[PDB]
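In: With the input below, show me the fold.
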Amino acid sequence: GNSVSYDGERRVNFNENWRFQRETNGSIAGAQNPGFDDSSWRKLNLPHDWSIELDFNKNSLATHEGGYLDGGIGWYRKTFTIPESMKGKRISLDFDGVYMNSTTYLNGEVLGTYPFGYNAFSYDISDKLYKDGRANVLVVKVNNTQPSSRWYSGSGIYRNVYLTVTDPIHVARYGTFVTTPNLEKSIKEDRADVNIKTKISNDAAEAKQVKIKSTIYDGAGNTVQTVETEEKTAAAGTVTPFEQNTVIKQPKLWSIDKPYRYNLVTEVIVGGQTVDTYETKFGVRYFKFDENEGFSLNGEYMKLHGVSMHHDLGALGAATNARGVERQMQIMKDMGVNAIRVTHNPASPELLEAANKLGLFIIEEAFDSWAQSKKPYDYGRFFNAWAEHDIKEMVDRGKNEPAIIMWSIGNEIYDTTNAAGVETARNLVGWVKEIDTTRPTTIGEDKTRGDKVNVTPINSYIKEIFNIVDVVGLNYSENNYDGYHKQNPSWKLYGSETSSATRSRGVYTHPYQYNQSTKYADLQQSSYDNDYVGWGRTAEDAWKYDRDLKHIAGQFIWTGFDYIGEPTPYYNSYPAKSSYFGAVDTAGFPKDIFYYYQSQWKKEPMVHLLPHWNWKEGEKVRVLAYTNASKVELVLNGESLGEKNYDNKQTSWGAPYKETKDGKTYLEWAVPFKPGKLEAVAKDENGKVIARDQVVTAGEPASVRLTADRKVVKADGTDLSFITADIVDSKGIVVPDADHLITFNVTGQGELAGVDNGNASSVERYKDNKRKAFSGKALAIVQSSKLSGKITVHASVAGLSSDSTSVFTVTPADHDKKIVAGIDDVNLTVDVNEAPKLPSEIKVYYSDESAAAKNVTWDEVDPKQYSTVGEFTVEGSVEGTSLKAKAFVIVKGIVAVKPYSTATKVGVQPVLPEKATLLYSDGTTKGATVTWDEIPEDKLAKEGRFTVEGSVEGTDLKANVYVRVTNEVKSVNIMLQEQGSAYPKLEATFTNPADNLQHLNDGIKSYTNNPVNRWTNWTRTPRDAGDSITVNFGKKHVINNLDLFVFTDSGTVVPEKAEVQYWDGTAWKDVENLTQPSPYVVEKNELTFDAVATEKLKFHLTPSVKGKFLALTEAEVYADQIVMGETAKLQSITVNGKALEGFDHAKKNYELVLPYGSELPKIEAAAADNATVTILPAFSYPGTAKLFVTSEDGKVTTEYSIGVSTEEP
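Out: Numbers count the residues shown, from 1 in each chain. You can find the structure just below:
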């Protein structure tokens, strides 16, 4: 057990080298006591969530609200020792959070328990440790029985953990309270008045005289004012309060636009000697919630542009990371947000600190539930015995923060409509008031919503509760905003949460229809803001209801950030696991309503076009441009389309705002799509251009671009950098619908913390190296390590050019000093005999994370380097420092012939690409138009695989394709009958012995007393499983329809549904192109099945009525094709025109290492009777070259691999 790194710091981090183990096979007995052997358990750094790492489980007790991420019981164990320098003084273990019911042992004894999840709790450890220097053993059980929440929460110790080491005379846990009483009056004198209250706990064995010195440091460390107290005795083993007062001349008021803060340092003095010190940063600021004039700060009127936010950080899971939260806050502040309503649980310390730095208000939510529990294992289970303790803990922790403006007490409480509920609310407000008084209390209520259209009368007890609290908040109740102001003038009202509407990034379905809680096939929602839940509204309506009313303090949009779990429009739909409420997706990419809110709430000019520009030709498209400018006009490919405008409206009390005559807050057009560029220009009332924006039609996927949020991060082991992997075309325009699979490889002084795309309906695990792009983007998270250096991020996609980006990791000490931290590498790819264009100036990144654009000189480039296909590196110089620049160059293109292969239907021409990609050995994928020579029927007349030449437009050499053969070819029409046929064989799961199976293609349907052509499965035993018919053909023809004619009687009923499968050779495959009308007890039904290999085609049907059988008079299936059923696995293999040494079907790799200077080898292979083989040459200096075979109907494949690399030079 290693010793803790104590050297004098008051609070010591404790996140290092824990050991973790989840319970999967029953309770792990004995883990609590030191005697356990945990050497097999995984080592781990502490702040983490062990639910986010697991795979989404459909059967998990975690309902769809929790995101299907399993929970359970987990154990933490850490063994450690204590240095002598720390021996002989008070020691206490502080946890900032453990999700549920965590019982912590120590040295084989119980240390305590804490049910509530989101509160920091502490234990006094001083006595229990071994003073001998022997290794201690700390264990932290967590019992998170899964059905315990309404949103994803994570599990385990998801917040930092510290040891606090202090003198026996020390400040209490939160023994300091800084205020500015009557600051509103004082500021008129240009003088702030500060009052300090301090609590000192003397744990020594005897009372001692105690003194305090306090100092007020400005933001730059300059002393502002100091105070010292008269020495007074401090009793033994108890708390002795102190108090001081002072003034601050010319105070710098805390504000959103200037979040200035002061620092206070206390110095407990005993015997004329410092014995303990403490720090709390505070801020001087006055705010007033008025019942008529609305919210105001420091005497300035303001609207609370608010946003509800959950604790979850997305790819990181519930685990807290300082920069993750800071990034969320920064994105919100960019949106123009003013306040954050931390939802349904107290905020984390990092969130509070980020709000203080950035200048965002905060509202702390105590509980989601009182005594009555909303889920079986929720906090309501423990509410009675712990509500007071938890309220005290939260308010005590957060009281000093300048950002916190309001304590909230509940949300959507069932008990709010009962007398006991009123008693509970009074108790809660009493407990809150027992500690803090300079902040209103609050409750979040929804029961007043009623019908959303009329002012609902208030329930008896709800008025009592609203009178109990100081400020009242309403959920989704815009229909009461002004009515309750009239009926209760003393009330101060604000929108607790509004505009619950569902969005998905880049999805633009249903341009004109406004739904309400409607599911969709794709499991997505529209970004047009036409869609929302039943009890919510569109953001336009909710914002109009708020802007119009002066007395309303503001609103808090529900869910600024998309969070895991709670997929409301898709209850019980496994692929859907995430919310849709966010204005910013889980990864952090803003959805268009982000830009709507930016237009509405921000001041500076802007403009943003909503839909992408990759639609079909000729169709009208709904294009609407959010903006706060007075005029905007679209310009499509240089021609204008219409100059829309707003009306300079003014509210009743004179608040300016912009809006159209209709009453919409955004401008709109209906444009017939035409590929090109669509640019929007914003112009003020005088016509001067103010801002611009554009959207361009994206071409085919070309390359994967990587951009980092910030390329300089601290080497503290937890600083994060967010890297956006967006797929772009050749011109660098993000493809607006790409979804390819991106594989991330990261090496250096950092690790891949998480990867994301933000797709709500994707169950791809968060903690992995690969992730599918969604709507053309994906996110990868890299976290630095303790060691300074560099982090290299490499991302690659099949058939696309990879890319690399470097993140520089500097030391915390250097971060404050502007010194060179690194120089970015330049990537260039050119064709053969193409001179790379090296930049004349380069970006130079310093520590302190700034600066750029330094001049350079580049070393000479030989013609041999680029005149031939290959790779090489170029070096240069920089005048900023002696660090050597660097640049890589790739020289690859089109030289010679390019092959291809495929399989095809009978008669119909093969589906070939008219823009076939040209790739070569050690080359690159280059796409150009290819004219495949017009393929007639006769080419199939010869065995094996027939060749076709493809003429390429704009290249030197021509392409080719080898198409597998099916021999005979023919076409037919009106095939409805045959005199006698050998093709239509029929075999069925069950045939009633009294009924024939070959009646399904007799040619005439039996609707009357005519000969009864009818299959039937009637039996005394039930047949609820249904029945199917397998039809065989030896007719080389096409299939275009499937007509099913149904018969019913007292024993049989119609098919419930149709499901069809087919196998060529060995294994089954499913059919597409159904086009099935409504299935009912009706005369007819129809389908439009396409051509399919039909050695045997099986269609299964379930009876429509439980307890009723099935019968069919006819089933029209016509033809069959053989494609690859008769083939087998790989047969031939050759390299360099010679036998491949070391080859084998099962051997995982062939060690074909090349001497240096020997060019990469060509490879040829084939399968028995030419199964489709993906012939790919070797293209990488490292790694391997692999061959694969497509066999059967895709139900199997075989792997072959070659170890291609060059020996030492």
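In: shouldn't residue 717 be in contact with residue 809?
Out: No: between residue 717 and residue 809 there is no contact, the gap being 10.0 Å when judged by Cβ atoms under 8 Å. No exception for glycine: its C-beta is placed from N, CA and C like everyone else's.
In: what residues are shared contacts of the two?
Out: 784-785 (Cβ atoms under 8 Å, 6 or more residues apart in numbering).
In: Mind checking which of these two has more residues around it?
Out: residue 809 (27 against 16; other Cβ atoms under 10 Å).
In: and the more buried one, how far is that from residue 719?
Out: For residue 809, the distance to residue 719 (Cβ to Cβ, to the nearest Å) stands at 8 Å.
In: Need the residues touching each of the two.
Out: Common neighbours of residue 809 and residue 719, using Cβ under 8 Å, 6+ apart, are 713, 784.
In: Sheet-wise, list the partners of the helix or strand residue 73 falls within with their directions.
Out: Assigned by DSSP states H and E, residue 73 belongs to strand 72-80. Sheet partners assigned to strand 72-80 using DSSP bridges are listed as strand 18-22 (antiparallel), strand 136-144 (antiparallel).
In: Let me have these in CSV, extended by distance to residue 895 and mean neighbour count.
Out: Formatted as CSV, those follow (distance: least, Cβ to Cβ, whole Å; neighbours: other Cβ atoms under 10 Å):
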stretch, distance to residue 895, mean neighbour count
strand 18-22, 55, 20
strand 136-144, 61, 22
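In: and residue 299, which of the ones you listed is closest to it?
Out: strand 136-144 (47.1 Å; Cβ to Cβ).
In: Quick one: distance of that closest one to the chain centre.
Out: Put simply, strand 136-144 sits 30 Å off its chain's centre (Cα atoms, centre = their mean, to the nearest Å).
In: do stretch 335-342 as well
Out: 20 Å.
In: ends of that stretch, how far apart?
Out: Length of stretch 335-342, first residue to last, Cα to Cα, to the nearest Å: 17 Å.
In: Adjust the sequence numbering to begin at 44 for everything that follows.
Out: Okay, using 44 as the starting number, the last item reads as stretch 378-385.
In: returning to that earlier point: which among the strands paired with strand 115-123 is found nearest to residue 1045?
Out: Of the strands paired with strand 115-123, nearest to residue 1045 by Cβ to Cβ is strand 61-65, at 63.0 Å.
In: what's the neighbour count on residue 665?
Out: That count, for residue 665 with other Cβ under 10 Å as the rule, works out to 16.
In: before we move on, back to that, dump the strands paired with strand 115-123 into a markdown table; add distance to residue 533 as well.
Out: Formatted as a markdown table, these follow (distance: least, Cβ to Cβ, whole Å):
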| stretch | distance to residue 533 |
| --- | --- |
| strand 61-65 | 53 |
| strand 179-187 | 43 |
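In: can you tell me which of these comes nearest to residue 358?
Out: Closest approach to residue 358 among those is made by strand 61-65 (19.7 Å; Cβ to Cβ).
In: Touching, residue 192 and residue 421? I think so.
Out: Yes: shown here, residue 192 and residue 421 form a contact pair, counting by Cβ under 8 Å, at 6.8 Å.
In: Neighbour count: the two, which is higher?
Out: Between residue 192 and residue 421, counting by other Cβ under 10 Å, residue 192 is the more crowded of the two (28 against 20).
In: Can you give me the distance of the nearest residue to the more buried one once chain neighbours are set aside to residue 343?
Out: Among residues not flanking residue 192 along the chain, residue 109 sits closest, at 5.8 Å (Cβ to Cβ, 6 or more residues apart in numbering). With distances taken as Cβ to Cβ, residue 109 is found 42 Å from residue 343.
In: and what of residue 873?
Out: Going from residue 873 to residue 343 by Cβ to Cβ gives 58 Å.
In: Between those two, tell me which one has more neighbours.
Out: Between residue 873 and residue 343, residue 873 has the larger neighbour count (other Cβ under 10 Å), namely 15 against 10.
In: Hmm, residue 909 and the more buried one touching each other?
Out: Yes: the criterion here is Cβ under 8 Å, and residue 873 meets it with residue 909 at 7.0 Å.
In: overlap in contacts of the two?
Out: Common contacts of residue 873 and residue 909 (Cβ under 8 Å, 6+ apart): 879, 932, 934.
In: Quick one: these as JSON lines, columns for distance to residue 798, neighbour count and secondary structure too.
Out: Formatted as JSON lines, the shared contacts of residue 873 and residue 909 follow (distance: Cβ to Cβ, whole Å; neighbours: other Cβ atoms under 10 Å; DSSP: H, G, I helix; E, B strand; the rest coil):
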{"residue": "879", "distance to residue 798": "31", "neighbour count": "19", "secondary structure": "coil"}
{"residue": "932", "distance to residue 798": "29", "neighbour count": "21", "secondary structure": "strand"}
{"residue": "934", "distance to residue 798": "32", "neighbour count": "22", "secondary structure": "strand"}
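In: Same list (these) but as JSON lines, adding distance to residue 727.
Out: Listed next are the shared contacts of residue 873 and residue 909 as JSON lines, based on distance: Cβ to Cβ, whole Å:
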{"residue": "879", "distance to residue 727": "44"}
{"residue": "932", "distance to residue 727": "47"}
{"residue": "934", "distance to residue 727": "50"}
